[PDB]
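To convert, take the position in the sequence shown, counting from 1, and add 1; that gives the UniProt record's numbering. Just so you know, even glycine gets a beta-carbon here, dropped at the ideal spot from N, CA and C.
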Amino acid sequence: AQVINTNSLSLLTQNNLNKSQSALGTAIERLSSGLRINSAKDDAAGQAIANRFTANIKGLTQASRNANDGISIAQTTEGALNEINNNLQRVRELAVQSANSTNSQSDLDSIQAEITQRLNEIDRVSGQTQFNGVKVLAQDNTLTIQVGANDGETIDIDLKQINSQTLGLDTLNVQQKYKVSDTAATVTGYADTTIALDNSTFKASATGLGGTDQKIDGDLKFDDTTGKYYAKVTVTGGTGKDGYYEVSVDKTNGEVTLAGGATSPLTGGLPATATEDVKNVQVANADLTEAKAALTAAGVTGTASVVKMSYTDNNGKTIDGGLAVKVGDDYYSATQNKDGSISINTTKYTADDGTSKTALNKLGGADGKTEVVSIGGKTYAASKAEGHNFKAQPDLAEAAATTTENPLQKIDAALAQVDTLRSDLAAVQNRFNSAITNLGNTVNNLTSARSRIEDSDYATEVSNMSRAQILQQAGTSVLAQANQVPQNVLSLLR
Numbered sequence: 002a003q004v005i006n007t008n009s010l011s012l013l014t015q016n017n018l019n020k021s022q023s024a025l026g027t028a029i030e031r032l033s034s035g036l037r038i039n040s041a042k043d044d045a046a047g048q049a050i051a052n053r054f055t056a057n058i059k060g061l062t063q064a065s066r067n068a069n070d071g072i073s074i075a076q077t078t079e080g081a082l083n084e085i086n087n088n089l090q091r092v093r094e095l096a097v098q099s100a101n102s103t104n105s106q107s108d109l110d111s112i113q114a115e116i117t118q119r120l121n122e123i124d125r126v127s128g129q130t131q132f133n134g135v136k137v138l139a140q141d142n143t144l145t146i147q148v149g150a151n152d153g154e155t156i157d158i159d160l161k162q163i164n165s166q167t168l169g170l171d172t173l174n175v176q177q178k179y180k181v182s183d184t185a186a187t188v189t190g191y192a193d194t195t196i197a198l199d200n201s202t203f204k205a206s207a208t209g210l211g212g213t214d215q216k217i218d219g220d221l222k223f224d225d226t227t228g229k230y231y232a233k234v235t236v237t238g239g240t241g242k243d244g245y246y247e248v249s250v251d252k253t254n255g256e257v258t259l260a261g262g263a264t265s266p267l268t269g270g271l272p273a274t275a276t277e278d279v280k281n282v283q284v285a286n287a288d289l290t291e292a293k294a295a296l297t298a299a300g301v302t303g304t305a306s307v308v309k310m311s312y313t314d315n316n317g318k319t320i321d322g323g324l325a326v327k328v329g330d331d332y333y334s335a336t337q338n339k340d341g342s343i344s345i346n347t348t349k350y351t352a353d354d355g356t357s358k359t360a361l362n363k364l365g366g367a368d369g370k371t372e373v374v375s376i377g378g379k380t381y382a383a384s385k386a387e388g389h390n391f392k393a394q395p396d397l398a399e400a401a402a403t404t405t406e407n408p409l410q411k412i413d414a415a416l417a418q419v420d421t422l423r424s425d426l427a428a429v430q431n432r433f434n435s436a437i438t439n440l441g442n443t444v445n446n447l448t449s450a451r452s453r454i455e456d457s458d459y460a461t462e463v464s465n466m467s468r469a470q471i472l473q474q475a476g477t478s479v480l481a482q483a484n485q486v487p488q489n490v491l492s493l494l495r
């Protein structure tokens, strides 16, 4: 007998209902996550896009940061410029004062001194102000700021290299040259050189003394008044050949030799003046060993001379200066060393076309005493060439020579350039904000849009699921009782 199936059949619909009980399960699943490709969202692709739109907002939060960064850049750059503008504005005033014939050259030099700091600070700002590494004022560059979610939908900012060169104010000078004069400065002193002394040759010429051995004891006494060399000679066996004798020095190598061939010792022995116990040869600084050597290096043909400088101004006042190695007409800024030697001053910059080089420092410039230096084919100033790596920062301008014509005109021009650029940066701040208000406006709708699509239980929805839980709960519960009955009835056959 198979009653099992007949009843089971009836129980099978019950099971179908258990499948409906299973629906409740899927329903419970719903309440967990939300919308899925299970039965609710067939258009997975559509919603995939939605998630992606949210994702786009994710990229847009980051874009908000980016654009923000852009804005920060605008304010930082515009900020840097505010400083430059102030500086320039300061210049204008100086330019106005310069046009007053009452101001002496000196006064003009003071004005210029300020103007120089001005231009210098400017340059400092130019290649030193930055934002996250990027030197904002260092070069022209159109920063494309990504604000859209697609190619082409961007907002670009404009960066421009501002500096005394581009601004064409690098050579803004309002000085007037002085009248240079010179006086022959006969410096009095001696300096030791590296020339070694070869005392071995002495006995070779001192044979004129006789005995067994003629040798100098210790060191030779240089005489700083006649350049003569003297020495103590202990001639063994030389009746009365003991004392001091004069010795010749072969300047070319140091060989020392019996001077004048004196047979008898000097009346007095050693002249007091001969105090310099030398180990190496003394040189008459007057010959400018060093000075001339350097000049030769540079290809200077003109003979050199030591002169003291004197500058005259429009009011007959004459101010004295340092030492200067005159060559025909050119004046080099030299200095006297500790012992008396005279050495030319040098710049000591860094590279011109590779390798480290050094040039001498001449006197000149817009005033007449500015230290100018010749590097390559340009004449720079001592200061500006000082440790300036020409390989990293090539393009530079030469020293100011003449008065700038139409100062005020050029000055305004420079500022015109500044503001015209500034307006852009600023403009972008508002375009950026617009984009923010644009996207921002969309964001609110978007969140909503997708929220109306994605299924979730808050108020209107939850109610349906709550009732569903208890309802269904009674489904399984009640069906359990309704199920007990049939299973019992079956075995009533008595």
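- The distance from the Cβ of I156 to that of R432 is about 6 angstroms, consistent with a contact at the 8 angstroms cut-off.
- According to the DSSP assignment, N281 belongs to the beta strand (DSSP E) that extends over 281–285.
- Going by C-alpha positions, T143 is about 11 angstroms away from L426.
- In the DSSP assignment, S182 falls within the unbroken beta strand (DSSP E) covering 180–185.
- Counting only runs of at least 4 residues, the region 318–386 fully encloses the following alpha helix (DSSP H) elements, listed from N- to C-terminal order: 383–386.
- Relative to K327, the option among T208, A185, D110 whose CA is nearest is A185.
- Linking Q394 to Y333 through their CA atoms gives a straight-line distance of about 27 angstroms.
- DSSP lists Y231, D278 as the bridge partner or partners of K222.
- With respect to the C-alpha of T319, the residue from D183, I343, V419 having the closest C-alpha is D183.
- Note on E406: under 16 other CB atoms within 10 angstroms of its CB, so exposed under the neighbour-count rule.
- Between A28 and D456, the beta carbon gap of about 11 angstroms keeps them out of contact (Cβ cut-off 8 angstroms).
- Counting other Cβ atoms within 10 Å of its Cβ, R125 stays below 16 and is therefore classed as exposed.
- Unbroken beta strand (DSSP E) runs of no fewer than 3 residues, entirely contained in the region 134–174, are found at 142–147, 155–160, following chain order.
- The Cβ atoms of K222 and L289 do not sit closer than 8 angstroms to each other.
- Leaving aside the five residues that flank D278 on each side, the residues in its chain whose CB is nearer than 7 angstroms to its CB run, in chain order, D220, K222.
- Around the CB of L210, 16 or more other CB atoms lie within 10 Å, so the residue is classed as buried.
- Pairing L82 with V419 gives a Cβ-Cβ distance under 8 angstroms.
- With a contact defined as Cβ atoms closer than 8 angstroms, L173 and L120 qualify at about 7 angstroms.
- Per DSSP, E455 lies in no beta strand (DSSP E) segment and is marked neither H nor E.
- For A24, there is no enclosing beta strand (DSSP E); the residue is found in the alpha helix (DSSP H) stretching over 4–33.
- If you compare the alpha carbons of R451, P487, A414 with that of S165, the shortest gap goes to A414.
- About 4 angstroms separates the CB atoms of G329 and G303; that is less than 8 angstroms, so the two are in contact.
- Ranked by how close their Cα comes to the Cα of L32, the residues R495, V463, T477 have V463 in first place.
- In the structure shown, the three-state DSSP call for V486 is helix.
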